[PDB]
Amino acid sequence: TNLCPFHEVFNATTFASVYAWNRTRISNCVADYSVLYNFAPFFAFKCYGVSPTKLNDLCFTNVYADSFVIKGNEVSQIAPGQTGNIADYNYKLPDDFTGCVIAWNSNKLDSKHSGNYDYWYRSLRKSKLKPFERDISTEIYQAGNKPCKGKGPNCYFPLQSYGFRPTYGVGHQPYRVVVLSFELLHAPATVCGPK
Amino acid sequence: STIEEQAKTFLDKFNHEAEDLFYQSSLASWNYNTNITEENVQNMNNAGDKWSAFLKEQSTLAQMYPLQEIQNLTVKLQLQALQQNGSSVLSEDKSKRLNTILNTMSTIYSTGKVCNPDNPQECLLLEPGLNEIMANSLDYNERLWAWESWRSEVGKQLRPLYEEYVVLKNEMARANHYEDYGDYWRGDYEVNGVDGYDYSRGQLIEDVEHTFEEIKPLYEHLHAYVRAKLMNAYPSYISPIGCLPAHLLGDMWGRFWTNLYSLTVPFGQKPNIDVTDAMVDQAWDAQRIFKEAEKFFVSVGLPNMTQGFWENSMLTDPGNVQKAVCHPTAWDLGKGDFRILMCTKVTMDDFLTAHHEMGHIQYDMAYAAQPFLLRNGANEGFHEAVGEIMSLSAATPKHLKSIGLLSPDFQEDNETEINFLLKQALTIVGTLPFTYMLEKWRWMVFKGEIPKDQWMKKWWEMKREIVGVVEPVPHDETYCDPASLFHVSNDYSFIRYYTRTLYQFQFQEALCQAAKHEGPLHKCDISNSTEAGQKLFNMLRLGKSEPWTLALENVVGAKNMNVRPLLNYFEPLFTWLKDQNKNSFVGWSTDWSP
């Protein structure tokens, strides 16, 4: 029995921003998906292309866990075919995504008085991101016709800070989202459920 | 790229930053109002300075986006809200002088206290002093002395500053492409670029005059009734054909005639409905009152209160350990934070006030999805009307019997209904001529119709001709009656009250038709009516994204102020007052003792 690092992904101290989401590779371990239910206050548990009950039966080659922090309103944008600042410029799921999305309210950990400005999201970009594309560029977005040099008129920084506070509303509180991507490639299935 | 996309990106950035900065400022203000300390004052001042600097910087950046090259109405409205220069168009010296004059008038109104002439050491301030005096005293000489002193001491001092204030405001408004300050105030009702829903600033005056022409008969009958009652109460001081004296109106300025209910009560043998004793017997607290209000708002289909509302709101006085301003206000800190600051105690008035504040909170929660600059009522009276319709629906005897405060065997007789209608009239219809006259006087002073040497004269003339109020003491040109008012001395609009009064009864008529109410309009309860709730939420979610005419058409089916719902509401009281005044004179003459 070799338990997967799911504990290191879900119970991490600090999470990554949505424009710099940390993708962790899960391989050569036993994927005990029942341990995920230890975080009972789950805001959403929606699987696409797979069933949560039949998840312990299927074997996969690589399991990609994408973890980031967004707000409550943007949790709906984490789904195939969604449109928004996060689903276009930060993190886009393909139309045939096979996996599950897990989110829970983190107003106790990620929130902070005087604003928790350690989490950022990309609001401006030249074009929409491709599925599973990551862009950590900090180049100033040129909204106008004049050349781009320094912040000013029509020259905006492409990243914006959330600034989480504990007294925010349920829609603006921080929500830690973990996206589990199950890949079945032409390779031996190293990841399987507990037997 | 086109200018529209650049403007959209600028608006997105502005909204993102303004949400956070306004949340910080509102949280500082809440911490100050909930705990009056020097540190909280300094924090609130710093947050307000940061917010004002942000608005000043963002307003300069928005000047590069021409309004003519923007086709999207939402973006155009946001840019119009951002491109407003305000007091920054004048020179630095003129702006500093205007701010100093405003602060000086505010301090004169706030620090102004009246001392007795016989005892110079015995002085009385405004609120626990002259207000309590004019509220319950029935002495002609004492009320006359108070009314004269309040505008002889505080007056004759603000007018030398009020004239320079008017001059500076006119210069500022003309610099902002307006005709005068009256146009700057009426600009909130201006709708441009929407075919069929446009509304000019000059049309507002015409509509207000047209509505007051129809209000005139009901107010005339109410004035005749009040005059007869006061003559029965104040012998040898009231004329059956003349105007009413100013100091005997139950208020310092004559705005609300509510305090005259003790003398003008139709049937004093039966007290009005007061569920204070029932709430005391059933051991109700602030939490119970707000839960009842929440159930009322859920019954019509509106969303329930958030958990942060129950957690962070101050529903009870924190005691002597914390100093708080016990003024009931609805707080919209933004980003999902909705709070209510109210020192709730066991009182039916507090029940109605909690309903009003929860209606304000529901309005705020409705347009939360709108952009930051559009997160406000479609008009300056929409919030007040939404609060007042809920206050009316809560005060109905049917709702009180449903919630278990009135006895189930309580019968609603005609005389109790007449007393309730007369009280509501003294509260609502009594302030409409006063508001109309005050706003018209301010407008004509700003337009230059009364330049320097006829302010007080034309003020008293308009008051006699409109409100029917005669001067008990002949005031000369050195006095200034309008400056004695809080809203006039603190630079606030006043037509908002007339507009919200009309919109209140319009919304009430619309929701009672949507709820299929049979009977008088004052017996209507919109409880357990999801149709009225949805019809109201269709307007509450709009905000300033769409013109107020479109929202008014969505609610009541009309694009302008209609006073017919108010007349339908007061029709039983009108029929009773007709029979009461059949044996009395109707109207008032403009000539009486000075």
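Counting begins at 1 with the first residue displayed.
Determination method: electron microscopy, 2.9 Å.
For all residues, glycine too, the Cβ spot is worked out from N, Cα and C.
Listed in Swiss-Prot:
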- A:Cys4-A:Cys29: disulfide bond (DISULFID)
- A:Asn11: N-linked glycosylation site (CARBOHYD)
- A:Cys47-A:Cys100: disulfide bond (DISULFID)
- A:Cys59-A:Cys192: disulfide bond (DISULFID)
- A:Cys148-A:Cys155: disulfide bond (DISULFID)
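Shown here: features listed in Swiss-Prot, placed on the structure.
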residue  : record                      : Cβ within 10 Å
A:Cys4   : disulfide bond              : 20
A:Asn11  : N-linked glycosylation site : 9
A:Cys29  : disulfide bond              : 16
A:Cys47  : disulfide bond              : 18
A:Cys59  : disulfide bond              : 13
A:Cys100 : disulfide bond              : 22
A:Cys148 : disulfide bond              : 15
A:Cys155 : disulfide bond              : 16
A:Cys192 : disulfide bond              : 14
Candidate recorded positions A:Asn11, A:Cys29, A:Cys59, pick with smallest Cα gap to A:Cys155 (disulfide bond): A:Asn11
Residue from A:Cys47, A:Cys100, A:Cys148 whose C-alpha is spatially nearest that of A:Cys29 (disulfide bond), among the disulfide-bonded residues: A:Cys100
Nearest of the recorded positions (A:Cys4, A:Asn11, A:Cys47, A:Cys100) to A:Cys192 (disulfide bond), judged by Cα-Cα distance: A:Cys4
DSSP-derived class (H/G/I helix, E/B strand, else coil) of A:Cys29 (disulfide bond): strand
A:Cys4 (disulfide bond) and A:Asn11 (N-linked glycosylation site), distance between Cα atoms, whole Å: 13
Euclidean distance between Cα atoms of A:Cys47 (disulfide bond) and A:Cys4 (disulfide bond), Å: 19
